[PDB]
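**Student:** What would the 3D arrangement of this be:
(7 chains, ligands or ions: 4)
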Amino acid sequence: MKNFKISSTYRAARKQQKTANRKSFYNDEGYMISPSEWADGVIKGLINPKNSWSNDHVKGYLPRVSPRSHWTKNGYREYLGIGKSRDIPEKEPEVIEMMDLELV
Amino acid sequence: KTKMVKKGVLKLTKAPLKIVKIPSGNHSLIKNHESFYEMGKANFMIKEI
Amino acid sequence: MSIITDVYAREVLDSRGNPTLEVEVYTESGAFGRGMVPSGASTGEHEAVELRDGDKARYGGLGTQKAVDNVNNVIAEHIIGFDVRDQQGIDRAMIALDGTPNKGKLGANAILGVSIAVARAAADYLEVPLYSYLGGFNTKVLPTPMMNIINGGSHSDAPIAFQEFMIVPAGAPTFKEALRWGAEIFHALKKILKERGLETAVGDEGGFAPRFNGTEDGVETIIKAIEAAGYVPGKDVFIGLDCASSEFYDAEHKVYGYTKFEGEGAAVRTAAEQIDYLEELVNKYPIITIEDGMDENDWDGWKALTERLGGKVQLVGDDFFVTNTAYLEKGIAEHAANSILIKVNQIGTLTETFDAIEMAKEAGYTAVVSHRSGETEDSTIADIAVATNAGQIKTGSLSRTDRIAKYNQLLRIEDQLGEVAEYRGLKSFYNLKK
Amino acid sequence: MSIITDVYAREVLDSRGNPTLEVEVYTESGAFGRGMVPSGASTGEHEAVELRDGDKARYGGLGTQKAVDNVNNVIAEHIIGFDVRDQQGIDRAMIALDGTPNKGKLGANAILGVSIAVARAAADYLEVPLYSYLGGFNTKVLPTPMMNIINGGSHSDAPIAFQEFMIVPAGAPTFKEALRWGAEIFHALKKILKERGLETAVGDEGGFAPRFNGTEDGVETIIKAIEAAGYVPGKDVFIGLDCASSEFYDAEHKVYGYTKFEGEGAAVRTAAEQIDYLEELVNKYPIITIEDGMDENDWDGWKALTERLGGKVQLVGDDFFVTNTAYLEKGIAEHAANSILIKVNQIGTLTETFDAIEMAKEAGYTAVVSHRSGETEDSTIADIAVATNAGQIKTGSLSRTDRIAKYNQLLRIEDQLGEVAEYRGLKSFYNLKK
Amino acid sequence: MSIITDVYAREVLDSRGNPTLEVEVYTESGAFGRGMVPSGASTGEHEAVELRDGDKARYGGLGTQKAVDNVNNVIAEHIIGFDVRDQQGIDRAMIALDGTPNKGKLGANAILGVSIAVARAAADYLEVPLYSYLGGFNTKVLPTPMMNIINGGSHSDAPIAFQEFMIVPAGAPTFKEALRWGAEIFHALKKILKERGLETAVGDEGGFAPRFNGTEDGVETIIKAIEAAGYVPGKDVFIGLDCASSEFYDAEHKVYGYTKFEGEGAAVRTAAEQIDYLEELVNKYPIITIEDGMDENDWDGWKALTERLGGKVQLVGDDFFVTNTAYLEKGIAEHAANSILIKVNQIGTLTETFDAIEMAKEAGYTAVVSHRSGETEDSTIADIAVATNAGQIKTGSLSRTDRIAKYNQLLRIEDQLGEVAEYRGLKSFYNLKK
Amino acid sequence: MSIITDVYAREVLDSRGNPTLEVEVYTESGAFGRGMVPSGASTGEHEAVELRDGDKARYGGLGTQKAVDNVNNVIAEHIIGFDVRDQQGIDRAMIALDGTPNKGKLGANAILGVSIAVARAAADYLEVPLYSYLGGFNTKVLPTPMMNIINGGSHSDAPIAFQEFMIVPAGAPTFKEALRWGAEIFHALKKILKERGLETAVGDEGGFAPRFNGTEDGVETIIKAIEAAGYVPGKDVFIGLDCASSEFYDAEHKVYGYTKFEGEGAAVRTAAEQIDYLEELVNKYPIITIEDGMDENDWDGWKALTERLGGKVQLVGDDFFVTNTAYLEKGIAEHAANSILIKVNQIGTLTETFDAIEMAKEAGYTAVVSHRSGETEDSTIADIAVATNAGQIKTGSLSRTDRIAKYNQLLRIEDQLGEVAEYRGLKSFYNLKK
Amino acid sequence: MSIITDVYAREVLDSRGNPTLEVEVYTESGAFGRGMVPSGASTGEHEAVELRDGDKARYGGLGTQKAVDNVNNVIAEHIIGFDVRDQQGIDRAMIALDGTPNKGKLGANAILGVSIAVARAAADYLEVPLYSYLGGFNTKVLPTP
Ligand SMILES: [Mg+2]
Ligand SMILES: [Mg+2]
Ligand SMILES: [Mg+2]
Ligand SMILES: [Mg+2]
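**Tutor:** Residues are numbered from 1 along each chain as shown, chains lettered A, B, ... in the order given. Ligands and ions are numbered 1, 2, ... in the order given. Please find the structure below.
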């Protein structure tokens, strides 16, 4: 993810709701396991330590993500997800079908 | 690991936008410009032939 | 801002040339902490064990790459995300992640390194001294040092069964003066040994190992060195012993065999005879401390020794208690010893170290923060001693930076505290009557 | 933000139990630097002299309180207000404030402590590694260690005139491997000396001083230790010497009297015979370095030794040049030696240290950053060696944190550099031919 | 805040009117760095080649749109996310991404532009001068300028085979005075050429290319200008030559044919005759440096020239070494030349440029940082010369700003250095004797 | 944070090797601006005069140490404390402090350097491009360049009285295309002169000064170069003249004696004959611009010339108006000329430069921002031309960075503007019918 | 800090009591700009036309809810992301988004309100007077009324 970053409000919410202090651990099949067997499996190589845990849940429907910015050639700030992009949209696909009995 | 949180997520596939020339106007199939169909949806009309 | 974002361990060397590890903790705002682990023991039934590679090709089986990988792969994923000031939470999470009583899965060295690095990173984030962060606002007491000056037992070929002889400058006004007295007595002893023709090279803890005629000869030479520096034995400087009596203990016959170190003609002593010998040494010389005067399993001997000498002599359990809360509680209940030697790597975590220190203090015991044979440039045990107001430290002799670093840190702490700084000296032996 | 707000010195202990000083520098933004000074010499004809108290009732006249007061009451007022990144300006100001060629008014220790503290505080302010600040962006060469392993001369009572024997693991792929090789050879030599009944307790630099029959006995035992560790002499590990011939040199007889250390039956050799003896040793053993092979005043002998052996063995001048730029320039002009031993406290500042290093490099000589007999926990010389890309360091044995701290810092530097880290080994000896 | 966020490239013009590229680098916090590339050579067996579009419709085939697209599309996505202070890592990543020994895939111009832009952005982020970032704290030496005065060979219609004549004001006290002396001698020579009827229009590097009666006439006129400005030839100002003997060397007959540039009556010399002619020129004039005295493939002749004149005259290998590590190593081992001309776009990376500079320095060679014939308003080579303390620079004559920009940058650097700045002059020719 | 804290001037060389000054302005938050002054003239009745030392022993009396001292000792103390964005206030304060109409007390160079440095520091503080700060948000028009391709008159020994011939690529779609066309025509003319046998070395502004037969021969060769590059004269590229008619005007007999430059066979023309000659040149060749076609003091001749040719060609007053709003007012009132050449150093400040540009624009006149003979790496006139939407620039030929720097800055501005950027070309000559 | 994050239009009244619209622009650092549009003409051969509701029940057909909805639902998503000092780019993007020479699709009033609000927010972000931002450093002449 380069077009976006973690929002500061979500980071603060995760910080002092203390969700990182209540991690859950999973094995290679994604089944919940205690930290002791997670450590055992990671040491023996039967678990990938990277993608095998979760940071509980942040309460409150907060947006996880904000747009990330960059510098233009003018030295101005600009969102990374906006720009020249491309140009191919056509108009639509008008499929006629002026006979369907539309229910009220 | 793939925990179901609350009632879950909405399944929204991507397929090209199509507009039907129904005899009421021009009805676009979706209400979003990111081309998001509700995967698995259909409509039906049942008659007694 | 205080959220841990990086935990990284790397394998370094120790003061004896043997591998150990160091851990670095980085938080979100850039606070940094580094913890180095003194080398301990990978074997032992009732103490925390360290994790060694065992590969004889690399470092003679003493590599610490396994524990470095345990920190980098197991501990790092769990700990990254915690608040750096959550020392107790991080330590309990590491203990639960290990799952064994002896911390043998992750390694006690790994857990202790992460614990020290987290404590130092939290102190750096708070912009406060480490002793202030560990012990609170009321950190004022500078420990009375027990400076090892002569080595015997297994560390010397002389006919001496006592492992260490120490000088305790408890008559000094400040810690700075105590350090000066210790250094001057060290140099006076060096001059005396040079005149005597004995070897003057230092050992693992920085002290000499000369070829004396016996224990009495070594103690008399120490007293001569004390008087040559211009200080009074029994008033300014006292003498401590580390007998390490478990080494020359014949467990099968329940007897203390001095013949192992003091030659074939050495006397053989039972528990009562050993108590009588220690009492005779206490009466003859200004001995204020005796460490491991009995075996680690001679509980009745420990009880009898404390009943006979505990009112006037500090009796320290090093192998007796092994920094174990259970063993210390059993000794407190059975009136065995009146002091405990505290080694942070024998327990594996700062939280449990402070728990053991608090348990010892609440029972009238003194907690003596100690070093190991292989140390580092890490001087955290000085901050532990000042933070707990323990009043006593045992960090070696006056001759190697693995020992001098702790004394330098104590000098820095005393300079920081200024007028607040206190040196009790003889008053730090509160376990003794009067 | 980077303006120096506080300069404060205090008196601490060195690795030998003797006092030295340390200086702390604080800037406006809170950047911090601490520099600890190694113990040098208070006497010298053309070397920077440190300031000692001379109070025989305090530390035997080796106190550093006068230099502490010089930093706190003279240097601090002059330096506070400077930009912390103005290292050259601060060092020039301190040199002008001392006003004497040998830095005797303020003390070379005081000036060096302030220089090191300022450099470290500037690196802390910039949030860059110290070697990056000192040597710029292109700092990648990990120095080839020249590890002292056996002591002779005045450092031991054995019949050996030479002062140091060292192992140079120039055949290793990385610095980590070179350190592991050096530690394993150290332990193999320890085992061999234990088997032979020789003493193992280490000296000032951490090496052994056993009772050998002579120089050849010590070199052969080192070769046996190298082979016991599992390495080829002359391919993986080489041998270096520190003869320190100025100790056994008769000035008026113009002879190198080996009888001072090797008994009455030793060989009293002229300068020419000393050249043939060194050539015999080089042709017999895998010797790649000789340090102080001639007297500090035997300029003709040094020129003849460089003519005879300067193309195959590195010839280092320690007392020959005493890190003096004038002596180094004269030696370059007269084709005497091909390497200089750099000691930061024998010159006074970091600016002049780097000037001497660059002058030696520009003349084809090798700069070897070196320790002192009394060291500290400060490991700035490792950062100096990496920053200048000197490719060689002489920081002691593998047995005391006074020496192991520099090796640990070099391990940290290599880990930080990662894929750009370079260990050159025999390629670091660019003063040699093929 | 130091993470490289944006890497833009664009096509600009050089001093000759031919296209080149420039690269701008923005980091996360807004630190900015712009690097322009001097025009180089797209052909060469053992030098880094630049990428030209080859479209004869645009700029005569010399456009740089392909390399600009390489930076904008290929290099930018690889570099974005790096730390701006990780210059060695960025340079190694660009070299690996090119995957070619001569950097022919991406183009040496593209890689060099990104390297310069990254270094300048890192210096801007750290708020330090560029020479301080590149060379560390010990950057003080202002280079001695060998500035072009008269042209010949292929740059002029005169009957002179030597490509360039230069004045070196090595007797000046400071760089400011050296620049003033060079400007005044330039104007005095302009007046002398005007009074003689010769044309005073300048060439690509800013120097005159008049028609003379030979090399002797040119050196005589330069000496006359030096005296007319008021300075002593041989004490204040010295003469340097750039023969470019590869232009008038016939490889088949192995002779240096001056008939290519001096007419039908010119003399044809062998290697020995050429060395004799250079020796007579040195003994007749105050010539201190000769560049490309022999052909780039004449290793024996180069070795003989260094044997004869290499002790008292600087011998610079421009096409001999082509700023190549392998050629420099071979020349050092073979005792060929005693100086290397360093052109930053001959390798395409600052890391390799500094590696070549240190390799030349460690062998007793001097590194002369050199301009290109098509230069820009970028003045980074001045900061390169100061950062490495090379002590010699070669940036053209005293006319077009593509030369004056570097002199203005050196004036700025000297002004910032203040009392620290050193102008060694004749002492920067350390590769010579006395 | 925008308060000016430091104003510092230093002496640096220009593109001709002659001294000038540069001023650095530092604000409280660290915003930095540098202004480099082009070399003007210290004489002139109604022209702002630069301050030179007159020390004939230093730079031939052309040193600028006095103006540097004026900035450092007089201007800086008055300006420090101002807001950096108060450009008009700072400029008027400096004008009032100087106190003379011609800015002779402090020197126009000092005033201009401080004005440019303050403007660039204000642009740096606001983090906006310099043209955006100078001209607002509606800055889009890239100027149409008049590239000086051939020289003459006092800049050449050929018998041509007209000082400069220029190419105007007014038919290009973008500025990038116009610059490419100009560079290709420059190289085509270089090839044509090389194959014809004439001179190639560039002059003060990068153009050629070959040995032509006259004005018609030079214009025909320029047309041949335009056609050989592949463009259409009169539709893609046009001709422009800088006659410098005040050089060969004799005020005694009120004639234009071409015999001064074109030999004894030249024609001496009255004002009517001069207008007839210019009109026949305009009819013969695609000449769109004539600069200084009449003497600076021939107002009736200027009015008649504007009556005859002012509808179809652009008549520029360079020495007529002397960037003086008084002379411009007069000329606008009496319908003399239709353009003004704006030389920023002929007036002294940016505020008065923009006042002159706005007065010229309000009268239907075009303002051509021009270079000087001694230029620098400073490229502020490009930002001035874009910021005012002047639509025309005169910044030299295509062969020296002193000229290429402004073209490179214009390329940067076009790249930065992107699709907003406009190149009017022929539409930028809004002073002409059709 | 300088990037437009919020563009909100609302319907207000003018000096004659007829409706018009105003646009508020908020950037990331909190810079704020408000632009009110004068009431013009919705008909013209070669002039920009404002967009009215035509609902004769509300304000006699002179409502401006259509232009407000155009700013809130069309212009705002297109403009959010730009730098607030990119006035020329924002105006050209709005002109292209409308697509008609007379600006009749989005309405000239909507585009003018966004333009004025963006310029005012850019002057507020730079902490400079609006005339200084619009005309540069050399703005000194007070107009003759
Ligand atoms: Mg013990
Ligand atoms: Mg030595
Ligand atoms: Mg060349
Ligand atoms: Mg003119």
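**Student:** Could I get the full set of helices for chain B?
**Tutor:** Along chain B, no stretch is classed among the helices by DSSP state H.
**Student:** Centre-most residue in it?
**Tutor:** Among the residues of chain B, residue B:38 comes closest to the average C-alpha position under CA atoms, centre = their mean, at 3.7 Å.
**Student:** so what's it bridging to?
**Tutor:** Taking DSSP bridges as the rule, residue B:38 bridges to residue B:12.
**Student:** Quick check: it touching residue B:14?
**Tutor:** No - when contacts are counted by CB atoms under 8 Å, residue B:38 is not listed as touching residue B:14 (11.3 Å). For the C-beta atoms, the positions are set from N, CA and C on the backbone; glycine is no exception.
**Student:** okay, now the closest residue to residue A:76 other than its chain neighbours: neighbour count?
**Tutor:** Closest residue to residue A:76 apart from its sequence neighbours, by CB to CB, 6 or more residues apart in numbering or on different chains: residue G:83 at 3.8 Å. When neighbours are defined as other CB atoms under 10 Å in any protein chain shown, residue G:83 has 25 of them.
**Student:** what residues are up against residue G:83?
**Tutor:** Counting by CB atoms under 8 Å, 6 or more residues apart in numbering or on different chains, residue G:83 makes contact with A:72, A:74, A:76-78, G:2-4.
**Student:** what's the burial count for residue 45?
**Tutor:** Just so you know, I chose chain A. 9.
**Student:** My question was about chain B, not that one.
**Tutor:** With other CB under 10 Å as criterion, residue B:45 counts 8.
**Student:** Could you give the backbone dihedrals for the nearest residue to it once chain neighbours are set aside?
**Tutor:** Of all residues not flanking residue B:45 in the chain, residue A:101 sits nearest, at 5.8 Å (CB to CB, 6+ apart). Per-residue torsions, residue A:101: phi -70, psi 100 (degrees, to the nearest 10).
**Student:** Verify the stated contact: residue A:101 with residue B:44.
**Tutor:** No - the pair residue A:101 / residue B:44 is not scored as a contact, 11.2 Å apart, by CB under 8 Å.
**Student:** residue in the stretch 51-200 of chain C nearest to chain G?
**Tutor:** residue C:125 (26.8 Å; CB to the nearest CB).
**Student:** which SSE is that residue in?
**Tutor:** helix C:108-126 (DSSP states H and E).
**Student:** what's the burial count for residue A:92?
**Tutor:** Neighbour count for residue A:92, taken as other CB under 10 Å: 13.
**Student:** residue contacts, it?
**Tutor:** Residue A:92 touches B:17-19, B:28, counting by CB under 8 Å, 6+ apart.
**Student:** And those, which of them are buried?
**Tutor:** B:17, B:19 (16 or more other CB atoms under 10 Å in any protein chain shown).
**Student:** if we take the contacts of residue A:92, which one ends up nearest to chain G?
**Tutor:** residue B:28 (15.6 Å).
**Student:** give me the element residue C:134 is part of.
**Tutor:** Using DSSP H and E, residue C:134 falls in helix C:130-135.
**Student:** right, and the helix or strand after that helix?
**Tutor:** With elements assigned by DSSP H and E, the helix or strand that comes after helix C:130-135 is strand C:144-145.
**Student:** following that following strand, which helix or strand comes up?
**Tutor:** Following strand C:144-145 in sequence order, the next helix or strand is strand C:147-151 (DSSP H and E).
**Student:** how far is that following strand from where the chain is centred?
**Tutor:** In terms of CA atoms, centre = their mean, to the nearest Å, the centre of strand C:147-151 is set 13 Å apart from its chain centre.
**Student:** Equivalent analysis for stretch C:354-368, please.
**Tutor:** Taking mean C-alpha positions (CA atoms, centre = their mean), stretch C:354-368 and its chain are 14 Å apart.
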